[PDB]
Every structure is written in C-alpha cells, then in structure tokens.
Amino acid sequence: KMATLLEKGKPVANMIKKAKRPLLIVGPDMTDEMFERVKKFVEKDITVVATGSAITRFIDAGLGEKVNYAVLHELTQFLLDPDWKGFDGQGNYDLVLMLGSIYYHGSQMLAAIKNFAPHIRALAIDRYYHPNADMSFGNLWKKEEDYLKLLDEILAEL
C-alpha cells in the first residue's frame, strides 16, 4: 500500500472533525508562509506538537504555552505504544497529521506507525508525497501556493 493521494483540504478537515483525538506534528521544514497556517491550527480543536527547531518559531510567536514539544523519534516511540496516555494523560491519538517533517525522518516515522501502530491513522500534509502515510498530499513543492491553498481548505473547514 502506497499513501492515497489527497488533492483537497476538505477531506482532511472531515477526518480531523471525526477523530477522537487528532494530533498535528509540526517539524522544522516549514516555510514562513507554512508557519502562518500552523499558527492558525493552534487555535483549532487539535493537539499540536512541535519537533526540534519548530518549537522556536512557536516561542517567538508567543504560542509556546499553547503547544507541546517532542524529539521526533521519541514521540514516535510513544505513539507506537497502544497504551500511551498522550501529552495530556488522557490517551493516544487516533489520527496523526504530519507537516514540516525533515522528509527522511518523517518517512521513517510514517513507516514505523504503518508497521507497528494499526491504532493510528497517519496523514502526511506536506509539500512532498509520503508513500508511507495512509494518505498524503502529492509533490506540490514546485508551486508552493498550490500547497498553501490545500492548507487553507483544511482551515476553512475547521
């Protein structure tokens, strides 16, 4: 199985709304315009976790106290455990969305979750196709605006 291609943001919003406990993982490979969208996600009914360098952006935006922090491989370890209590002690996350991942690392985490965590559905919502997600955006990086538009479709529906 390769990740089903997602071509619109509305379907992604719908899955976020239906999940019991959605988690948005935000890594360091975020353009300035991507980070404008991510600020807006922080205000939605979704748990946000920043990995590595991404945490600095949230701090400088004054959103430090509105997001979680993790080291990516450690967070992946916790996610794999079906019995992990999550950041708030109230459970694991049934829907995990990934953006801004260093591609190679994001790919390995997605493979780990696919192989070992059937309890999680994983969506890659980045500007590169991630075959290892359950679902992924395509290779949109040549025309970043197309990608921003998809993120805007998610946001408008949330």
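Parameters at a glance
The residue numbers you see begin from 1 on each chain and track the sequence as written, which may not match the entry, and residues missing coordinates are not shown. Note that the side-chain values use all heavy atoms of the structure and ignore hydrogens as well as water. Residues with missing side-chain atoms are left out of burial classes, side-chain pairs and their counts. Distance thresholds for patches are 9 Å for like charges and 5 Å for nonpolar side chains (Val, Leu, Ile, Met, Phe, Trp, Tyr), applied to residues having over 30% relative accessible area and no salt bridge. Where accessible areas are quoted, they stem from the Shrake-Rupley method and a 1.4 Å probe; at the residue level, only the protein chains shown are allowed to cover. What makes a salt bridge here is a side-chain nitrogen of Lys or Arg within 4 Å of a carboxyl oxygen of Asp or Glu, nothing more. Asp and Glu count as negative and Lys and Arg as positive, but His and the ends of the chain are not part of the count. Here the site of a charge means atom NZ of a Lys, CZ of an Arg, CG of an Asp or CD of a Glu. By definition, any uninterrupted DSSP run of H or I lasting at least four residues is a helix, any uninterrupted run of E lasting at least two residues is a strand, and each is numbered from the N terminus. Any residue under 20% of the maximum accessible area for its type is buried, any over 50% is exposed, and the rest in between are partly exposed; the area is computed with a 1.4 Å probe on protein chains only. Buried residues of nine kinds, namely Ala, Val, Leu, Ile, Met, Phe, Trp, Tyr and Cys, make up a nonpolar core once their side-chain atoms join them within 4.5 Å. Convention adopted: a line fitted to C-alpha atoms gives each axis, helices being fitted over their contacting stretch, and angles between N-to-C directions are expressed from 0 to 180 degrees. Throughout, the term roughly parallel applies to angles under 35 degrees, roughly antiparallel to angles over 145, roughly perpendicular to angles from 65 to 115, and oblique to all others. Note on convention: near helix rotated counterclockwise from far helix by under a right angle means a left-handed crossing. Clockwise means right-handed. Should any heavy atoms of two residues lie within 4.5 Å, those residues are counted as being in contact. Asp, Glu, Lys and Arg are counted as charged, while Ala, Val, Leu, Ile, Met, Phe, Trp, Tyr, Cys and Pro are counted as nonpolar; the rest, among them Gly, fall into the polar class. Side-chain rings of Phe, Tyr and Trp (the six-membered ring for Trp) are treated as a pair once their centres are within 6.5 Å; stacked means planes under 30 degrees apart, edge-to-face means over 60, and tilted covers the remaining angles.

Looking at the method and resolution fields of the entry, one finds X-ray crystallography and 1.80 Å.

(A) Expanded view of a positive patch on the surface. On the surface, a cluster of positive charge is made up of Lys8, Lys10, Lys17 and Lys18. Mapped onto the secondary structure, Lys8 falls in the loop between β1 (4-5) and α1 (9-18). Residue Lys8 is classed as partly exposed on the basis of its relative accessible area of 47%.

(B) Local environment of the environment of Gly106. The topology assignment puts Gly106 in helix α5 (residues 103-116). Under the relative-accessibility criterion, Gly106 is labelled buried at 0%. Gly106 sits 81 residues away from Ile25 along the chain, and the two C-alpha atoms are 9.9 Å apart.

(C) Molecular detail of the pattern of salt bridges. Enumeration over the complete set of coordinates arrives at eight salt bridges. Ionic pairing is found between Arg37 and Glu33, a salt bridge with its closest N-O pair at 2.9 Å. Here the residue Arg37 and the residue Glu33 both occupy positions in helix α2 (residues 32-42), the gap between them amounting to four residues, near one helical turn. Take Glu33: its relative accessible area is 41%, and that puts it in the partly exposed class.

(D) Expanded view of the nonpolar core. Membership of the largest hydrophobic core comes to 36 residues, with the highest contact counts inside it found for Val12, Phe58, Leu99 and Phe137. For this core, the secondary-structure elements that each account for two or more residues are α1, β2 (22-26), α2, β3 (47-51), α3 (54-60), β5 (95-99) and α6 (144-157). Here the element with the most residues in this core is α6; it accounts for six residues. By size, the runner-up hydrophobic cluster in this structure holds 21 residues, among which are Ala3, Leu75, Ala124 and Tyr129.

(E) Representation of the packing of α1 against α6 within the structure. As a packed pair, α1 and α6 sit with axes 7 Å apart at the nearest point and diverge in direction by 40 degrees. In terms of orientation, α1 lies oblique with respect to α6. For the pair α1 and α6, the sense of crossing is right-handed. Together, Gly9, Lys10, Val12, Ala13, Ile16 and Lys17 of α1 and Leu150, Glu153, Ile154 and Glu157 of α6 make up the contact between the two elements. Here the residues of the contact of α1 with α6 are counted per class, giving five nonpolar, one polar and four charged.

(F) View of the packing of aromatic side chains. This structure, assessed with the given rule, holds six aromatic pairs. Feature note: the residues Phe78, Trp84, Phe87 and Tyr93 constitute an aromatic cluster, connected by ring pairs.

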